[PDB]
Amino acid sequence: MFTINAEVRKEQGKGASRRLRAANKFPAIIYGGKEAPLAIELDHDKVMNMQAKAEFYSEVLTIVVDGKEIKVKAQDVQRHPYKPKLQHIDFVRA
Amino acid sequence: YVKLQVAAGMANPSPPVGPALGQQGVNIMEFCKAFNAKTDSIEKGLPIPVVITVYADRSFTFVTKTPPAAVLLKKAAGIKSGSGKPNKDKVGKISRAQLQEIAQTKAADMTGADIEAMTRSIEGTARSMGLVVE
Amino acid sequence: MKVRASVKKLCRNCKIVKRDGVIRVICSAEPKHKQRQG
Amino acid sequence: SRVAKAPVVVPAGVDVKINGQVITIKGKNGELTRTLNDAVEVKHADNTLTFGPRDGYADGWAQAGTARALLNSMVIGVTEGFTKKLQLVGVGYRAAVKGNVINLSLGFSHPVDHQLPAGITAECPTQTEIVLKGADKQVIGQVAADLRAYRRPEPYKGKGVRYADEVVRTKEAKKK
Amino acid sequence: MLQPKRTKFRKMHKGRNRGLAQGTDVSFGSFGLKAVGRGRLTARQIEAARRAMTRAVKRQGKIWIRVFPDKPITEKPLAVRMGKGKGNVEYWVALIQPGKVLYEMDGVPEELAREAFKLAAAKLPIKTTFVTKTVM
RNA sequence: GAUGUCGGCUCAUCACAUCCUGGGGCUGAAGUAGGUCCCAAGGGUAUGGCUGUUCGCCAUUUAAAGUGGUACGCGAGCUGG
RNA sequence: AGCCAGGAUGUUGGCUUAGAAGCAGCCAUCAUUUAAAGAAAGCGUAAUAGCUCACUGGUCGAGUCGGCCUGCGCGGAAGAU
Ligand SMILES: [Mg+2]
Ligand SMILES: [Mg+2]
Ligand SMILES: [Mg+2]
Ligand SMILES: [Mg+2]
Ligand SMILES: [Mg+2]
Ligand SMILES: [Mg+2]
Ligand SMILES: [Mg+2]
Ligand SMILES: [Mg+2]
Ligand SMILES: [Zn+2]
C-alpha cells in the first residue's frame with residue numbers, strides 16, 4: 001500500500017538538505033544489501049500522512065526512483081524537535 | 001396541590017396525611033375509606049401509590065396502582081434499615097424466590113412480548129440494596 | 001459585562017461576535033456571561 | 001448566499017421599479033423604497049426578483065442576502081402588514097392613543113407621550129396593550145423598541161413595557 | 001519542590017541556553033508535554049504544573065517528570081552593591097531547549113490528557129505542545 | 001572654577017490608574033444603600049488639636065476631603081521650625 | 001443548521017432530613033418496552049408539580065462540520081508643557 005514516489009538527490013549536506021525542507025521535501029537514504037547507498041528526497045506531506053498509520057514502520061514498503069520499484073523497510077526516522085514534521089528517514093532494503 | 005406518601009390505614013393525622021390529599025381537595029376520608037375499601041383488602045401496610053385524578057370540592061374517583069417492590073424485600077433479610085452504599089455490605093442475600101415472589105407483583109400490568117425480560121428491572125433495586133442472586 | 005483579555009464561551013448558549021473590532025460574548029441565558037475583550 | 005439565491009417572488013398587485021440601485025415597490029399598504037449597495041444587481045426577469053453580486057465587490061453575496069431579506073420584507077410589507085404588539089405590566093401602567101401619538105403612563109412623575117412616524121399606526125384594545133401597524137419592518141421595530149425603552153421589563157416582577165413575544169426571566173431577591 | 005539532594009559545588013556559572021533538546025520523544029507514557037520555546041523552568045513552576053496535572057487526573061494513570069531543576073540560580077538581595085562576591089542560591093532551574101518533553105502520562109485517555117497538560121502549561125513560562133508516543 | 005538640600009507659605013500646571021458630580025453593564029441588584037467593572041479629567045476636591053514634620057493618630061466637617069508628574073513643581077518668590 | 005413530535009415501567013432507585021421526588025449531597029449508575037430515554041444538564045419547587053436538553057425520528061434538497069500546518073492582520077495596550 002505504501003508506495004513512495006521518490007527522486008534522487010543531486011546535492012547533499014546541510015545547505016542542500018535545509019533547501020529541501022524549505023520546499024516541502026525532505027532527504028532520506030536507502031541502504032542495505034550489497035548495493036551502494038541511495039540518497040533520495042521525498043515529498044514531505046505525502047510521507048507525513050502515510051507514517052501516521054501504524055503499518056508504515058512494520059510492513060514492507062516500496063520506493064520508486066527512475067521508474068524502478070525498490071522494496072524497503074523503515075529503519076530510522078529523524079523527526080523535527082518540536083513540530084509534526086520529518087527531517088530524515090533511513091530505509092533498509094527488504 | 002400537595003402530595004405526600006400517604007398511609008392506607010390512617011387518615012387525618014396532621015403532619016403526614018393531613019396535607020396529603022385531604023388538603024389537595026380530594027376526600028381523604030372517602031379516598032382512604034374507598035381506597036381503604038381497597039386497603040381493607042390489601043396486605044398489612046403496603047403503600048401502593050396510585051395516580052390521583054381528582055377534583056377540588058369533595059368529589060372523586062380514582063385510578064389504581066400495582067403494589068410495591070422496594071417495601072417487600074427486607075422481610076426475610078431480618079433487617080429494617082439500609083446501607084450507605086450497597087455491594088460492599090449486603091443485607092443478607094435473598095432468594096430468587098422472594099425476588100420472584102416480588103416478581104408476582106408487577107406481572108399483571110405490563111405489555112411485554114416475552115415476559116422473562118422484566119426479571120432484570122426487579123434487580124435494578126436488588127444490587128442497589130444488596131439482593132444478589134446465587 | 002466583565003472586560004478581560006481572555007473572553008470565552010462559558011456555556012453552549014454563549015456566542016462570540018465582533019462588533020466594532022471588539023470580540024464580545026453574548027449569552028441568551030446568563031447575563032453574567034456577557035464579556036468584552038479589553 | 002442561500003438567502004440571495006432564493007428568488008423574491010412578487011404576488012399579484014405589486015408594481016416594481018428598478019432605477020439601478022434605487023428601487024421602490026408599490027402596494028395597498030403603500031410605496032416603500034430602498035437604495036441598495038453598489039454590489040447588487042437586482043433584476044426583473046419574471047414575476048420575481050433575483051439577487052446576485054456585481055463583479056468588482058468583495059462583499060458581494062453578503063449584500064445580496066441582505067438585499068433579498070429587505071425586499072422580501074418590503075414586498076410582504078406593502079401587501080400585508082407588519083404588526084408588533086407590546087403588553088404593559090404594572091398596576092398603574094396604561095397606554096392611550098390620540099392620533100399619531102401614544103400617551104404612556106408608566107409610573108413616572110411626568111407623562112410619556114411618544115410621537116409616531118409617518119406610516120405607523122397604534123391602537124389599544126386594552127389599557128395595557130399597544131398594537132403597531134406599518135409597511136416597514138425596520139421602523140416598526142424601532143418604534144416598538146423606543147416604546148419599550150421607557151419602561152424596559154425589570155426582572156423581579158416583570159414590570160414595564162414588553163413585547164408580547166417577550167419571555168421574561170424572573171429572579172428572586174437576595175435572601176434575608 | 002524538586003532539588004538535588006547533594007551537589008559537587010554550591011554555585012554555577014550563568015552559562016547559556018543554546019541548542020535543540022535531548023529527550024525529544026515520549027519514552028515512558030503514551031502522551032507528553034513538549035516544549036516549543038526556550039527558557040528556564042524553576043522548581044516552583046514544575047511543582048505547580050505537576051500539582052495541576054495530578055488534579056485534572058484524579059488518582060488516574062501515572063505521571064513522569066522528564067526535567068530536573070539541577071542548576072542553582074543566585075540573587076544578590078535588595079540594597080547590596082555590585083560585587084562583594086557572588087550571591088546566594090535562591091532557587092533551582094532546569095534549562096529547557098526547544099523539543100524537550102517535560103512531562104509524560106499514561107493510564108488516561110488522550111482527551112483527559114490534552115486537558116491536564118493545558119492546565120499545567122498555563123503554569124509554565126514556555127510555549128508547549130501536546131505530543132504522542134511514536135513507534136520506530 | 002557650587003545645579004541650595006526636609007517640611008511650611010504663596011502661586012500653581014499637567015496626567016488619569018476618577019475621590020465627588022455625570023453616563024452605563026453584571027450583581028449573591030426588592031427598595032434605600034452598596035459591591036465590582038467600563039466610559040469620562042468639564043468643574044470641584046476641608047478646618048483644626050498634637051508634632052519641624054511629609055505622613056499619621058484624634059476632633060469635627062464635606063457632594064467629595066482623589067492618586068501621581070512638574071529639580072520628591074515653586075528659597076534671583078517668602079519662611080527657616 | 002432552520003421548522004412538527006415524545007422524555008415512559010420498577011420509582012419519591014437507597015441513604016439522609018422536618019420533607020430529598022432525576023435535579024442538597026452521598027452509593028447502586030443497571031434494567032425496561034421499544035424508533036427512544038444519562039437513576040438524569042442547569043433552572044425551578046421549602047420539597048414534588050412544572051421547565052427542557054441528552055435522547056430517536058420526520059418534512060426539508062447542496063455542500064457542511066472541526067482539528068493540524070503556516071502567512072498577513074485584531075484585541076490584550078494607562079502618564080504626566
Ligand atoms: Mg551554513
Ligand atoms: Mg479612563
Ligand atoms: Mg463643554
Ligand atoms: Mg491635621
Ligand atoms: Mg499635583
Ligand atoms: Mg522640590
Ligand atoms: Mg528658584
Ligand atoms: Mg533651623
Ligand atoms: Zn453563556
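We name chains A, B, ... by the order of the sequence lines, and we start the count at 1 in each one.
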- [ ] Would you mind pulling out the nucleotide paired to G/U81, Watson-Crick or G-U wobble, both distances under 3.5 Å?
- [x] none
- [ ] Answer with base, sugar-phosphate or nothing: what part of the nucleic acid does B/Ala113 contact at a heavy-atom distance below 4.0 Å?
- [x] sugar-phosphate
- [ ] In whole angstrom, give me the gap between the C1' atoms of F/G49 and F/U45.
- [x] 23 Å
Open item on the list: Please report the distance separating the P of F/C6 from the corresponding atom of F/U70, rounded so that it comes out in whole Å.
Closed with: 13 Å
Task: Nucleotide interval of RNA chain G bounded by contacts with chain C (heavy-atom cut-off, under 4.0 Å) - done: G/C53 to G/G76
Task: 4.5 Å side-chain heavy-atom contact, E/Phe117 and E/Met53 - done: yes
Open item on the list: By the 4.0 Å heavy-atom rule, please label D/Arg169 as base, sugar-phosphate, or nothing.
Closed with: nothing
Open item on the list: Categorize B/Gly130 for me: base, sugar-phosphate, or nothing, with a 4.0 angstrom heavy-atom threshold over every strand shown.
Closed with: nothing
Open item on the list: Quick check: do C/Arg36 and C/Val7 have side-chain heavy atoms less than 4.5 Å from each other?
Closed with: no
Open item on the list: Less than 4.0 angstrom between a side-chain N/O of D/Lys174 and OP1 or OP2 of F/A29, yes or no?
Closed with: yes
Expected list for residues 166-176 of chain D: side-chain donor-acceptor pairs under 3.5 angstrom, two or more places apart:
residue, atom, partner, partner atom, Å
D/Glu166, OE1, D/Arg148, NE, 3.2
D/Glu166, OE2, D/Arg148, NE, 3.4
D/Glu166, OE2, D/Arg148, NH2, 2.7
D/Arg169, NH2, C/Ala29, O, 3.2

- [ ] Find out whether A/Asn5 and A/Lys46 are in side-chain contact, i.e. whether some heavy atom of one side chain is under 4.5 Å from a heavy atom of the other.
- [x] no
Open item on the list: Near RNA chain F, counting only heavy atoms under 4.0 Å, which residues of residues 14-26 of chain C show up?
Closed with: none
TODO: Decide between north and south for F/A63, the convention being positive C1'-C2'-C3'-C4' for north and negative for south.
DONE: north
- [ ] For D/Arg2, report the nucleic acid contact type (base, sugar-phosphate, nothing); a contact means any heavy atom under 4.0 Å.
- [x] sugar-phosphate
Would you be so kind as to tabulate the donor-acceptor pairs closer than 3.5 Å made by side chains of residues 78-86 of chain A, with sequence neighbours excluded?
residue, atom, partner, partner atom, Å
A/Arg79, NH1, A/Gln51, OE1, 2.9
A/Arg79, NH2, A/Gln51, OE1, 3.2
A/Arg79, NH2, A/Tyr57, OH, 3.4
A/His80, ND1, A/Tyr82, N, 3.4
A/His80, ND1, A/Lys83, N, 3.3

Open item on the list: Nearest whole Å is fine: how far is F/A29 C1' from D/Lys175 NZ?
Closed with: 17 Å
TODO: Report which part of the nucleic acid B/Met110 touches: base, sugar-phosphate, or nothing (heavy-atom distance under 4.0 Å, all strands).
DONE: sugar-phosphate
- [ ] Pick base, sugar-phosphate or nothing for B/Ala70, based on heavy-atom distances below 4.0 Å to the nucleic acid.
- [x] sugar-phosphate
Open item on the list: Give me the distance, rounded to whole Å, that separates G/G57 from G/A1 when you measure between the P atoms they each carry.
Closed with: 12 Å
Open item on the list: What is the distance, to the nearest angstrom, from the NZ atom on C/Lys34 to the P atom on F/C38?
Closed with: 15 Å
- [ ] Check every strand shown and say whether B/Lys106 touches a base, only sugar-phosphate, or nothing at a heavy-atom separation below 4.0 Å.
- [x] sugar-phosphate
Task: Distance below 4.0 Å between D/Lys176 side-chain N/O and F/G28 OP1 or OP2 - done: no
Task: Worked check of side-chain contact (heavy atoms from CB on, under 4.5 Å) between B/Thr105 and B/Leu72 - done: CA-CA 10 Å; B/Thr105 317; B/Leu72 311 165; 4.2 Å; yes
Open item on the list: Between C/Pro31 and C/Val3, which residue's closest nucleotide on RNA chain F lies nearer the 5′ terminus?
Closed with: C/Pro31
TODO: Classify the nucleic acid contact of B/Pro15 as base, sugar-phosphate or nothing, counting any heavy atom under 4.0 Å across all strands shown.
DONE: nothing
Open item on the list: Tell me whether B/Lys3 contacts the main-chain N or O of B/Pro19 through its side chain, where contact means a donor paired with an acceptor under 3.5 Å.
Closed with: no
TODO: Would you check if the side chain of B/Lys93 reaches a backbone N or O of B/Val132 as a donor-acceptor pair within less than 3.5 Å?
DONE: yes
Open item on the list: Using a heavy-atom cut-off of 4.0 Å across all strands, would you classify B/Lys65 as base, sugar-phosphate, or nothing?
Closed with: sugar-phosphate
Task: Nearest-Å distance once atom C1' is located in both G/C68 and G/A80 - done: 48 Å
TODO: Could you tell me which nucleotide pairs with F/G34 by Watson-Crick or G-U wobble geometry, both distances under 3.5 Å, or answer none if nothing does?
DONE: F/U27
Open item on the list: At 4.0 Å (heavy atoms only), tell me whether B/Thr119 reaches a base, stays on the sugar-phosphate, or touches nothing.
Closed with: nothing
Task: pair C/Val25-C/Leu10: side-chain heavy atoms closer than 4.5 Å - done: no
Open item on the list: Go nucleotide by nucleotide along RNA chain F from the 5' end; which of D/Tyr156 and C/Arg36 gets its closest nucleotide reached first?
Closed with: D/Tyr156
TODO: Hey, could you give me each pair passing side chain to side chain donor-acceptor pair (under 3.5 Å) that has a residue in residues 42-56 of chain B? Not counting sequence neighbours.
DONE: none
- [ ] Give a yes or no on whether a donor-acceptor pair under 3.5 Å exists between the nucleobase atoms of F/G28, that is its base, and the side chain of C/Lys32.
- [x] yes
Open item on the list: Once you apply a heavy-atom cut-off of 4.0 Å, does D/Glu172 come out as touching a base, just sugar-phosphate, or nothing?
Closed with: sugar-phosphate
Open item on the list: Closest-nucleotide mapping onto RNA chain G: is B/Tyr1 or A/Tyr82 further toward the 5' terminus? I mean the 5' end.
Closed with: B/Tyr1
Task: Non-neighbouring partners of B/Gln100 that pass side-chain contact (heavy atoms from CB on, under 4.5 Å), sequence neighbours left out - done: B/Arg96
